[PDB]
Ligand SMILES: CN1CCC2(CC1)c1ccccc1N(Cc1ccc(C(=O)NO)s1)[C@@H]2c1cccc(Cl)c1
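There is one chain below, alone, in structure tokens, taken in the form deposited without the ligand.
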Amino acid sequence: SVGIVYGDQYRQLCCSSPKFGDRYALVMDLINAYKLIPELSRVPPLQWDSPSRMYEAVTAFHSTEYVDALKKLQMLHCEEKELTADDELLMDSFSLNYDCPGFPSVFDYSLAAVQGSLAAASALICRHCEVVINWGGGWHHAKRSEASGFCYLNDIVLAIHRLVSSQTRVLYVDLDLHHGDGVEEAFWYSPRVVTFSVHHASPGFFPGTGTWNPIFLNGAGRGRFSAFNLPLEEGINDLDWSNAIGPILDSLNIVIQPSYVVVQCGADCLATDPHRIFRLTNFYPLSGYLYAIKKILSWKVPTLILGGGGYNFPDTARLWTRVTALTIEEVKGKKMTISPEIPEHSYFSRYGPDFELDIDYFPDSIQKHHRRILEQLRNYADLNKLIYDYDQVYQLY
């Protein structure tokens, strides 16, 4: 089956943040508006039987002082009084400030994503689902003891930790516009979780990594060569983005032979995102996103699909609704007939001006990256005693 994380309390918590507003409700109500929910198995967010078990779950990656500070931040932001100077100091020491402010539900909001993505991974492990989608998860910038980029708790790291502990290998694929630095760093020393991020990188552009450092770093210790990165230039369209990462994806799968794939599918690469770095689409005749997901799904490896960035809420909905239909098609083998106009539903009015499912958009260095990345993959194969034909992979490029 294809699983999808939602629930009534889950939806309220995913829509309680000041930055992402009601995005999750547009997304699930468009998936519902297109009659896709009956095709999907609902996966309920994981809950715990005590504070200690929750704490144990989250501090599998995050420090206990950080988790404590995040909960105290929520408590402070639920009272009238302003933070003391000592409380502002303590929040500063975890970067619980600026781009990661406090708000009345900040802890419950952050934990909800972890609940969602841990349950998603358990559904994969117990083989209840072949694919699970969590459009409320994917917060890849959060670090062990530091929020970043509106990511307070790294649900991806925790879901991946659960998967590899269930020899188990996980391939993480980060399609967000921005470098997936939190997940890469969590597994920097681990060869069993191979991380791969395609992203924009340029001087000054958040978060600064996943590019020349001048060498490309790629893991350390036993995780040497296990962190993959493909920084691309602004303006890239669907076909060039697809061709840039198509052969890398296929060769990673050939060589790593992963037990699970986790795909972060941040929607801020859309041409219509207020970022406007890349020019990808949701078009389905082809959308770089849809091309990448179809390819990963053709592998028939149990796969977690997650959300992430995406600041044009209706176009994120348009995209993720198409990705969700595509998953149903490739997994179940059932054709999905999506109408070209948005169906009438609660959020219909948000889909101005023409109320179509297509977004309103009219559409040397990568070969060096391919040679670099393919050499890293051989170094990874050699370091980890993996068996593969170096000519069947080089054929892909």
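Residue numbers run from 1 along the displayed sequence.
What comes next is about the form deposited with the ligand bound, which does not appear here.
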Exercise. Pop the ligand in from its pose in the entry with it bound with a site C-alpha superposition and tell me open or blocked, counting ligand atoms that come within 2.4 Å of any backbone or C-beta atom (3 or more means blocked).
Key: open
Quiz item: Is there a non-hydrogen atom of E184 within 4.5 angstroms of a non-hydrogen atom of the ligand in the entry with it bound?
Solution: yes
Quiz item: Would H179 count as touching the ligand in the entry with it bound under a 4.5 Å heavy atom rule?
Solution: yes
Self-check item: Residue contact check: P258 to the ligand in the entry with it bound, 4.5 Å heavy atom
Solution: no
Quiz item: Applying a 4.5 Å heavy atom distance criterion, does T211 contact the ligand in the entry with it bound?
Solution: yes
Quiz prompt | Proximity to the ligand in the entry with it bound, single hit among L239, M75, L217, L89 (heavy atom within 4.5 Å) | solution = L217
Practice problem: Would you mind picking the one in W188, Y291, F283, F225 that has a heavy atom within 4.5 Å of the ligand in the entry with it bound? | Solution: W188
Quiz item: Can you pick the stretch from 113-121, 203-211, 230-238, 80-88 whose heavy atoms fall within 4.5 Å of the ligand in the entry with it bound?
Solution: 203-211
